[PDB]
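First the structure, in the form of structure tokens, and then the observations on it.
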Amino acid sequence: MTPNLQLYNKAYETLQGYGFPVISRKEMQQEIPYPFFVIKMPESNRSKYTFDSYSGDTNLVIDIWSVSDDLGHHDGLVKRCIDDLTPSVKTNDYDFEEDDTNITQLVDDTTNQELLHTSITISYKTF
Amino acid sequence: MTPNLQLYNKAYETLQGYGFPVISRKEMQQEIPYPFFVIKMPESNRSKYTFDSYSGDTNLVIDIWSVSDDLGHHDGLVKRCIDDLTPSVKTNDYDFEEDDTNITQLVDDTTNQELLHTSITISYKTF
Amino acid sequence: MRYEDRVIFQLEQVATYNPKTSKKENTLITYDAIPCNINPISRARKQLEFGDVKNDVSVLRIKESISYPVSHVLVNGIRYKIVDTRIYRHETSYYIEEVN
Amino acid sequence: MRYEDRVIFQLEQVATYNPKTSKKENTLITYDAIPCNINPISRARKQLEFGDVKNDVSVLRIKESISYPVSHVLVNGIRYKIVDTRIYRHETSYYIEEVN
Amino acid sequence: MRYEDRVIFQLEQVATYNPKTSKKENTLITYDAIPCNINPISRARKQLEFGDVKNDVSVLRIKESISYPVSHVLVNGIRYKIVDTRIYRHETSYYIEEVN
Amino acid sequence: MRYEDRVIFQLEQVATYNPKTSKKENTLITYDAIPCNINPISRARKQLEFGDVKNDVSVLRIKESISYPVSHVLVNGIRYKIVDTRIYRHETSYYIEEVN
Amino acid sequence: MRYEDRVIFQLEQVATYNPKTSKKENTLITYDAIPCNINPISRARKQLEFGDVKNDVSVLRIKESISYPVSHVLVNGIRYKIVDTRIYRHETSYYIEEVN
Amino acid sequence: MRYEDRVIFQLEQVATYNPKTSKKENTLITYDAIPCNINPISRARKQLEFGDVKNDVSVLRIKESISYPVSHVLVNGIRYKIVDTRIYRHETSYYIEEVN
Amino acid sequence: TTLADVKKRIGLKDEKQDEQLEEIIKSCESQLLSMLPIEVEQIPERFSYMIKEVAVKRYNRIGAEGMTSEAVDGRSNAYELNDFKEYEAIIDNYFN
Amino acid sequence: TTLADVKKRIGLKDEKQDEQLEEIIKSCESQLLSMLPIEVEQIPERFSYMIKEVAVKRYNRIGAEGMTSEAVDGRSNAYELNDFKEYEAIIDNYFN
Amino acid sequence: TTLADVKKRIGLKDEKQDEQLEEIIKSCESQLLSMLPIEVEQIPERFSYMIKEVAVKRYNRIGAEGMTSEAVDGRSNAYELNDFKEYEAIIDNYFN
Amino acid sequence: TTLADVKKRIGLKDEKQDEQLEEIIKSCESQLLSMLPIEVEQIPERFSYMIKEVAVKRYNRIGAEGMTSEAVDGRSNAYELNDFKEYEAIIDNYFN
Amino acid sequence: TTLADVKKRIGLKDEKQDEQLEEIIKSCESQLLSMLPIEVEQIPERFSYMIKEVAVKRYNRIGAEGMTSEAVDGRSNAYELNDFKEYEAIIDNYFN
Amino acid sequence: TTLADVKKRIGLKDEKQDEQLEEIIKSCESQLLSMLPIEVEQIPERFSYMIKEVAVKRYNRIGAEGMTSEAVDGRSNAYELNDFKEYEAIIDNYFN
């Protein structure tokens, strides 16, 4: 596997354990209750790093949708993700270490309902 | 030949061996099963590098389309490409060495079907 | 107009944000059902950032007018937000869109 | 309406992603064929990122309505995704687009 | 035209900015009510940077014409800015939009 | 319809790229001429990256239908790519654009 | 056409820029008034970089044609720039927009 | 059609660029005048990078057709580029735009 | 008539509409036998095609039996004022 | 008639509308029995199909009983002026 | 007629529609034979072309038998009121 | 007529539509010979052009033999109500 | 007539359409000669212009012989009902 | 008439349409001389303007001699039903 799929599988194994639905994209016939997680396949740069290995920067985005009725709970999901996915993730072929994490939130009215949209970006240096 | 066509021919000779169809663009009367490879003609910068040679940066993009039913297999194609095209490519007139490779994936719904689109960029320094 | 269908009006009453508990729990006022007339149901693809949803953009009509504040309707088992209301002499007409 | 053509409805039932095997294998439910009416076939150029394809954007009509969930149709040997369904009193009308 | 409704015209007279007190307090001239004819009230969603508001874009009609300068109207308890005025031989027609 | 004009159908059959010789030489299958009906010739300015060209966007019509695959037509001495084909019960209609 | 209104044509004659005095003072030629026909006056909001202005976009009509060069018209006490002039056999029609 | 007006057709024949003298002097072939029919003259504002110009976008019609190549027309003392030509059975119709 | 002879003309090749076509044909036979004189007990074979032709007209009109015009999402049909109209001139002319 | 034969023609296999169709059929039977000669206590079996045909016409007209045309957003109907007009002539010609 | 001469006029060189055309021709022959005087057991060869002409009219009207007009997305038909109207006059004038 | 004289007027210069034009011409001759009195065995050469003219009308109408109007992707035709209408005034006026 | 005088009126200076115009003129001459009294073996020179006028009408109608209207993408024609209608009155009034 | 008197009214100032106008004028003279009684050998000068007026009507109608309406790329003309119609009331009223 690439580091992309290895990390993506670890992030699914994690977020899929909380009991809320986790998806890559919603299909039209599929009914999803709030809150829910969208998780998007990582990007990965690679370059020569030592005479014996590559290294690179692998970017993960996970994306949390909720009704705005209770923001303390939505923030509980954000903090739960970050605490499970940092400082380091470890898998069969690869190691990942948080370089930075960026949290941004929007109030979204596209759906005739006031939703909260949090986008969590984590940059992992990988070895 | 330019380094562009030399590399492009080597990348065809490679990817065309896997048994999936490889194309530069799809024409309307042409039926292509999934998965398939799109491969795009390299860009090449050139500049003076020593008193005796040029050198430059040649950019290859190969581009992998699949139905999202099985992502482990699609990732198997991505890893197979990268392992055949790196660290170095060698041809009649030119040498190529990986400076970096960038992998990005999208979930694509343009075609009323959920496809996976992976774009693999490899930057070769060339000599 | 044939006024066959029955609509339930609602007002979702917007609460103040409480920064001590991080909640802004709204409350719904909900009214007795009224005879109305409504367009045939659509179930269009709408294409949000997270993906496809079955939307319904529609118009609903009632004879004379209602005394009371409203914001959403429930009819045919679908809940809609009112996005225009248009007030003729003897008739009121509501443009409505499904939520979600 | 002349309801001459026969349509096969389908539901492609979306599975959960399995991160241990990297698969999300869907399953198709497929129904008995129904008499329908459909527009003449088009084969338009549609111009995707990878190139040209022969698309078909169309409408299909059936008398009364069906009890069961659907998502795609197969008719004339072309498979379509349903992109709107519009529910009149005695008739149902589906807007459909070819997949690929 | 039936000229049933009564409109109050206004001129909001623009003051100079006073940099010693940081104020530019305008003053409203307001006129006696005139018989007019007006479209049915809309209450459309308009979607500003801070959020949704109930807008009303409309037309108002009066017989012959008025001697005096105007800028806003108040009618049906809604205040509008005049955004076009169109001067026919025996009639004047004002395009108006609610403020807020 | 008066079916006066004669059209030659073609299929340009797409070859695989040969990386040893750097060629992807297609081959044209070309058919016997068919009676058709076609719009009057246009010669519009089309404005490409390299400059102006005389384009022709048009529709061509034939009675019943053809057994065989096609991709281009030659008629009036102009060669066109087929960009839609629309299949009625007793008639087929092709939308066509000149190449170049 | 009823040709009731009287229009004054003008030519604003463009001078050369004088770099010794930093002036390019134009001069207006102005003609005897002509019988014309014109649309009812509008006073639309137009929204410039510095703010709102009362614009008027209009059409003016005269019988046969005029011997002489023109560029602006003054009518109803508003000055307009001519932005199209359209020359029929027995009639001339000018599209005009207010300046400011 | 009344074919009253007389048109002069032209072909501006494009020369090769001569890099020794830095010239690509074209040559005009110009034909005998033909009876035609043409729309009334417009003189619209067109707004180029350097400023306003009086443009004229128009259509010209001739009976049957001409044997010879053309590219521009001169009529009413205005020179136009042909931008479409549309070839009916017994008539030819040219879309034309003024140069400058 | 047989059902099969109507079935052949409208191009059907399966069983999925037989219970409608049977009732349509049974109605056409009853109507035509209403138009003949009272002493007539059966439609004479000379007229048997009428039952087929009107059964096809009614097959197309299905879902619009009272309607002059019918539009549904860009498909529009308009219908003849009386199914047996051509045949009234034959039936009457034959008995009288 | 039975309900089931009107039901079979209109292809309606569920039971969601039997309450309406039983009233429609009861209406069509009563109207036809009003059009017969005053003495006639029973609808002739020669005419038993008219009840079914008009019941289907009326089934299609549900929601447009008093309306000559009906439209919304690209679904449109236009209706004929009298359900029994084709049959007024047949009922007349049979009793005269 | 033969089938093959109707087939030749409409330019239809395959066999995909012979099941429909054989029913159409059988219908046109029966209708013309209904329009003749009651004594006349055979269609006069003077009129043998009418069968072919109406069969072509009917071939074009497939899917619009009961419809005065038919349209969808820029394909539209409008149809004449009676296939035999031109020939009712000729058949009359020949026997009278 | 010859085929060639029709062929010349419609501007055809190849063989690709002969089997249709032959059947069209053969139908026009049969129809016109139906309009003449019963004692007439052949169309008199005085009328021979009618067969040509109607063969051209029918050549244009091909694929619309029953239709008042025909639209197909922006091309629209509307058709005269009867091909021989002008000539009925000549034929009748000549024999009577 | 000559061909050359029809040719001169329609301003047609090449030879690309003489095959069609010679058939059109041969048709117009034959039709006018059909409209004369039965005895009259020759078209009166008083009427020799009608052949030319109708030939020009027919030249314009090439491709619309049987059509009352014809349109495509902003080119449209609508045609009068009978080429000789103006002249039927003159031919009558001269012989009566 | 002279050609020049027609030429002056339509505002022409060159030679480029003379061969059409000559044939138009020659046709108008032939037609009007067809409308007068048989004993009349020449159009009387009292009517000479008719030849001019109709020559102008025909000059405008050139390229539409059979057509009720004519549209070509946004220019649309519709034509009077008969060029001599006003003058029939003068000609008849003068001789009778």
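The numbers here are math on the coordinates, done by the rules we state, and not lab data. Positions of Cβ are generated from backbone atoms using ideal geometry, with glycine treated the same way; all protein chains shown enter the neighbour counts.
Assess whether K:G74 counts as being closer than 18 Å to I:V54 by Cβ and at the interface with another protein chain (Cβ under 7 Å from one of its Cβ atoms).
Working: closer than 18 Å to I:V54 by Cβ: no; at the interface with another protein chain (Cβ under 7 Å from one of its Cβ atoms): yes.
Considered against the rule, which asks whether it is closer than 18 Å to I:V54 by Cβ and at the interface with another protein chain (Cβ under 7 Å from one of its Cβ atoms), K:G74 comes out as no.
Within region E:40-69, which residues are among the hydrophobic types (A, V, I, L, M, F, W, C) and either more than 30 Å from C:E91 (Cα to Cα) or loosely packed, with under 12 Cβ neighbours inside 10 Å (or both)?
E:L48, E:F50, E:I66
Would you point out the residue of region D:17-27, among those that are of a type outside the set (S, T, Y) and not in a loop (DSSP other than H, G, I, E, B), that is farthest from A:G19 (Cα to Cα)?
Per the criteria, the residue is D:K23.
How many residues does region A:36-60 hold that are among the charged types (D, E, K, R), more than 9 Å from every other protein chain (Cβ to nearest Cβ) and touching a helix residue (DSSP H, G or I) at 6+ places or on another chain (Cβ under 9 Å)? Walk me through how you get there before you give the answer.
Here is the first cut: in region A:36-60, the residues among the charged types (D, E, K, R) are A:40, A:43, A:46, A:48, A:52, A:57.
After this cut, where a residue has to be more than 9 Å from every other protein chain (Cβ to nearest Cβ) as well, the list is A:52, A:57.
This time we only want the ones that are touching a helix residue (DSSP H, G or I) at 6+ places or on another chain (Cβ under 9 Å), so: none.
Selection size over region A:36-60: 0.
Can you name the condition, by its number, that B:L116 falls short on among (1) more than 9 Å from every other protein chain (Cβ to nearest Cβ); (2) touching a helix residue (DSSP H, G or I) at 6+ places or on another chain (Cβ under 8 Å)?
(1)
Taking region G:28-49 as the region of interest, how many residues are assigned to a loop (DSSP other than H, G, I, E, B) and either within 14 Å of chain E (Cβ to nearest Cβ) or under 13 Å from G:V7 (Cβ atoms) (or both)? Steps first, answer last, please.
Taking region G:28-49 as the starting set, the residues that turn out to be assigned to a loop (DSSP other than H, G, I, E, B) are G:31-33, G:39-40, G:43, G:49.
Filter once more, keeping what is either within 14 Å of chain E (Cβ to nearest Cβ) or under 13 Å from G:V7 (Cβ atoms) (or both): G:31-33, G:39-40, G:43.
Residues that pass the stated criteria total 6.
Whether any residue in region D:3-16 is more than 10 Å from chain B (Cβ to nearest Cβ), of a type in the set (F, W, Y), closer than 23 Å to K:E70 by Cα and outside any strand (DSSP E or B) is what I want to check.
Yes, that holds for at least one residue.
Which of the residues spanning region F:77-100 are in a loop (DSSP other than H, G, I, E, B) and surrounded by 15 or more Cβ atoms within 10 Å (Cβ to Cβ)?
F:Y88, F:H90
In region G:50-76, what count of residues is obtained for those that are in a loop (DSSP other than H, G, I, E, B) and basic (K, R)? Steps first, answer last, please.
Restricting attention to region G:50-76, the residues satisfying the condition of being in a loop (DSSP other than H, G, I, E, B) are G:50, G:56, G:64-71, G:76.
Remaining after also requiring basic (K, R): none.
Matching residues across region G:50-76 total 0.
On the given criteria, is A:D108 surrounded by 14 or more Cβ atoms within 10 Å (Cβ to Cβ) and within 13 Å of chain C (Cβ to nearest Cβ)?
yes
Need the failing condition index for N:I62 against (1) surrounded by fewer than 18 Cβ atoms within 10 Å (Cβ to Cβ); (2) within 9 Å of chain M (Cβ to nearest Cβ); (3) within 16 Å of the chain's Cα centre (by Cα), just the number.
The failed condition is (1).
Please go through region M:1-35 and give me each residue that is buried (at least 17 other Cβ atoms within 10 Å of the Cβ), free of Cβ contacts under 8 Å to residues at least 24 places away in the same chain and hydrophobic (A, V, I, L, M, F, W, C), ordered by number.
M:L12 - this is the single residue of region M:1-35 that is buried (at least 17 other Cβ atoms within 10 Å of the Cβ), free of Cβ contacts under 8 Å to residues at least 24 places away in the same chain and hydrophobic (A, V, I, L, M, F, W, C).
Out of (1) touching a residue at least 60 places away in the same chain (Cβ under 8 Å); (2) under 26 Å from M:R75 (Cβ atoms); (3) out of contact with any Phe, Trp or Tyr (no Cβ under 7 Å at 6 or more places or on another chain), the odd one out for F:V57 is which?
(1)
Among the listed residues K:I38, K:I91, K:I51, identify the single one that is in contact with an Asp or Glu (Cβ under 6 Å, 6 or more places away or on another chain), more than 22 Å from D:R2 (Cα to Cα) and either in contact (Cβ under 8 Å) with a residue 40 or more places away in the chain or facing chain I (nearest Cβ under 10 Å) (or both).
The conditions single out K:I51.
Return the pair list, or none, for Cβ contacts closer than 6 Å from residues in region B:58-72 that are over 30 Å from B:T2 (Cβ atoms) to residues that are surrounded by 23 or more Cβ atoms within 10 Å (Cβ to Cβ), at least 6 apart or on different chains.
Filtered contacts from region B:58-72: B:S66/B:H74; B:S66/B:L116; B:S68/B:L116.
Quick grid of which residues meet (1) closer than 21 Å to B:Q105 by Cβ; (2) touching a strand residue (DSSP E or B) at 6+ places or on another chain (Cβ under 7 Å):
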residue	(1), (2)
A:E13	yes, no
A:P35	no, yes
A:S44	yes, yes
A:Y94	yes, yes
A:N102	yes, yes
A:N112	no, yes
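Kindly provide the set of residues from region C:60-100 that are among the β-branched types (V, I, T), over 20 Å from C:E12 (Cα atoms) and within 9 Å of another protein chain (Cβ to nearest Cβ), ordered by number. Talk me through it step by step, then tell me what you get.
Filtering region C:60-100 for residues among the β-branched types (V, I, T) gives C:62, C:66, C:70, C:73, C:75, C:78, C:82-83, C:85, C:87, C:92, C:96, C:99.
Filter once more, keeping what is over 20 Å from C:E12 (Cα atoms): C:62, C:87, C:92.
Answer for region C:60-100, where residues must be among the β-branched types (V, I, T), over 20 Å from C:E12 (Cα atoms) and within 9 Å of another protein chain (Cβ to nearest Cβ): just C:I87.
Sort out which residues of region B:23-35 are within 8 Å of chain D (Cβ to nearest Cβ) and within 13 Å of the chain's Cα centre (by Cα), and write them in order of number.
B:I23
Counting only residues that are among the hydrophobic types (A, V, I, L, M, F, W, C) and over 16 Å from the mean Cα position of the chain (by Cα), which one in region L:37-48 is surrounded by the most Cβ atoms within 10 Å (Cβ to Cβ)?
The selected residue is L:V40.
Given the condition loosely packed, with under 12 Cβ neighbours inside 10 Å, within 13 Å of the chain's Cα centre (by Cα) and under 20 Å from I:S27 (Cβ atoms), answer yes or no: does some residue in region J:49-57 qualify?
no
Collect the residues in region B:29-57 that are among the polar types (S, T, N, Q), assigned to a strand (DSSP E or B) and in contact (Cβ under 8 Å) with a residue 24 or more places away in the chain, keeping them in residue-number order. Break it down stepwise before answering.
The first filter runs over region B:29-57 and keeps only residues among the polar types (S, T, N, Q), leaving B:29-30, B:44-45, B:47, B:50, B:53, B:55.
Okay, now just the ones that are also assigned to a strand (DSSP E or B), so B:44, B:47, B:55.
Correct list: B:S44, B:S55.
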